[PDB]
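Here's the structure we're looking at; comments come further down.
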Amino acid sequence: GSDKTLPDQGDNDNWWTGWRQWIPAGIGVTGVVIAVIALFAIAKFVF
Numbered sequence: 630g631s632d633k634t635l636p637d638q639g640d641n642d643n644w645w646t647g648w649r650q651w652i653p654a655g656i657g658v659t660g661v662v663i664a665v666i667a668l669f670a671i672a673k674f675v676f
């Protein structure tokens, strides 16, 4: 019980922000960032 519940993103933070960010190829680094930027990319493109 340090932060989130115990792991407090210290001993096992990659579980959902490291190796899971790109286990296959394009899930978070290119998978998420691409789906997230798709929007922010327009805000800077149209504005």
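The numbers in the sequence shown follow the entry's author numbering, run straight up by one, and end at 676. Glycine residues also receive a C-beta, built at the ideal position from the N, C-alpha and C atoms.
Roughly how many whole angstroms lie between the Cα atoms of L668 and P636? Within the sequence shown, numbered from 1, the residue matching residue 668 stands at position 39. Within the sequence shown, numbered from 1, the residue matching residue 636 stands at position 7. If I take the Cα positions, the gap works out to 32 Å.
Anyone know if the C-beta pair for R649 and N641 falls short of 8 Å? Numbered from 1 along the sequence shown, position 20 holds the residue referred to as residue 649. Numbered from 1 along the sequence shown, position 12 holds the residue referred to as residue 641. Between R649 and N641, the gap from beta carbon to beta carbon reaches 8 Å or more.
Within the continuous alpha helix (DSSP H) that includes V661, where are the two ends? Here residue 661 refers to the residue found at position 32 when the sequence shown is read from its first residue. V661 -> alpha helix (DSSP H) spans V661 to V675.
Where does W648 sit, in a helix, a strand or coil, going by DSSP? Here residue 648 refers to the residue found at position 19 when the sequence shown is read from its first residue. In this structure, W648 counts as coil in the three-state DSSP scheme.
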